[PDB]
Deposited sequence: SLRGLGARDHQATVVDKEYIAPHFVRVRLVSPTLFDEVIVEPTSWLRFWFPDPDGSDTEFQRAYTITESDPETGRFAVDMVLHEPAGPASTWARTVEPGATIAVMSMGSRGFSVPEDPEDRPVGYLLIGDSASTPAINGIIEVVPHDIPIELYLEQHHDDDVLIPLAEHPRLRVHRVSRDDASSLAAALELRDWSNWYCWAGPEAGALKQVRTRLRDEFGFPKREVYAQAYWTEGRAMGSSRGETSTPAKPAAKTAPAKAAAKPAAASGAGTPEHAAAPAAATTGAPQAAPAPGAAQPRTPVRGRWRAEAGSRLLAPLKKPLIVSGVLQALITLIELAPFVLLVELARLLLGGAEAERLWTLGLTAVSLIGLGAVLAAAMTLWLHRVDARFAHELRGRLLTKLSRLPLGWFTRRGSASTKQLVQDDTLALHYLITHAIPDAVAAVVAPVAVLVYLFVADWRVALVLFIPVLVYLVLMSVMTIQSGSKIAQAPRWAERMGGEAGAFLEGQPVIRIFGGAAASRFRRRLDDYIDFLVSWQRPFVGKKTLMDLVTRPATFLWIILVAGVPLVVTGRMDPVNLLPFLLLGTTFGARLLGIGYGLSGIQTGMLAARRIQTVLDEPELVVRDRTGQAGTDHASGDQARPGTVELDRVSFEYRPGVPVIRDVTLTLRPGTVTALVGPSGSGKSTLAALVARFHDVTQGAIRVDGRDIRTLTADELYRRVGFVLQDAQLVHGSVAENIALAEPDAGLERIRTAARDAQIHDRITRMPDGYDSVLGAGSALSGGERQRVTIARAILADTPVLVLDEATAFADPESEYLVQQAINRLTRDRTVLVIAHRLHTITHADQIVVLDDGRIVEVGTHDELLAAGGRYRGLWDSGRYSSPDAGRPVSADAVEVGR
């Protein structure tokens, strides 16, 4: 799963392995020269030899630092470039997934996936292979050297190594489950935090801070972190003590001093252990702290590739104008939970189709299926005779504009929000679209004018931001329009004026109107009553009233 994602970094990661092997051998070479320098320095060698060894040792230290710095610079750039490409792939993937994926997952979990999962790959793909190769090469090279020097004092170095390995294994075993539970806990707390900040007026009125679910789950998450981190940090510092250079220096002397005091060793031969033996502990600590990073990186790779393996809205090769044509459409958000049932409905150019009915019947889903935010479970939807599943997002949305139930405004200027469908539209087109939607006057009252930003906290009134979205759809100016409960939050005077503007623009266009204000849709050429996900009756306003059906019931209740 992870390897299929990280395959493009095959050659950087292999090159990182070999370069670290050479670099960590180069980093160990100075202390080999210093041992040679110390031995000749006790032997009273000529000053030329001492200066040559000393100067070379300092130069090789500089070379090692330069090469290590150049490596981590290059390897971090490679990781940064891969993450940008991977995030670009995820954004392109999410641009064509079914829209139920977002609804059941949430925006918080999407935030973890795009940004924090790709960031969790860091230690795996830039630090893991160097740290592992260093901990394999340098301790082996040092211990081989010291076993050549003296086996008695080289054997005691297995004591801190064995204790470190035991601590490393039990640490990873103990924290393995928690590292797997961690990403979902972060998703949950991300969800709670987003709801806490977005749903602030509900928190202020209903229960305040203490009664909020966020504080309950915040305590639960911190309790999880404490249980995860206390034994983990406890083991993590015991390893730090075991592999510290001071620990190696002490245990070397404990094993060496009783020998040297006796006639069993020459103190000249303790020099390698003091100089080489203390240095390879810090490199063991690398993977000692990095196993958790590798575990997190592998799990993040699995989540990322799982989403990149997710099924998406394909664009088939199967391959009147202005017509929309639903042909025995059926749809279910959850399998076994139908919401549309055998609906047949043809929208023709130069007509207005009013899709009314009880709340929760399925009207907004049927508008969504015309948008192809989801795929029908049965039947087909055809635009200009071309099935929407054979149309790319470009071709499909060239032909059908939308005003959605929720007035979702993106963070940006008002001209950007109106020009969302066509950012390169001239300002004069934007002002005419706003005048039609009866929102240009309010925009001129704003401080900055059209450039004023509509982020949350600098928002507009409910009816006003709805009129902005109506202005957006008018600017798109598609052959087909779908007015999913426009004028819901508008007053009767604004509602009448925007409807007049819409009825002026869309005389040679296909219009689908979803309205609970039944008095606004009496002019429709066809009034479709959608109840329980199935069309219960069809006709004009006068015909439906005379029929005494469901529409008569809704009409009478409206008085």
Expected output for missing-CA ranges on the deposited sequence is 1 to 309, 629 to 641, 882 to 900
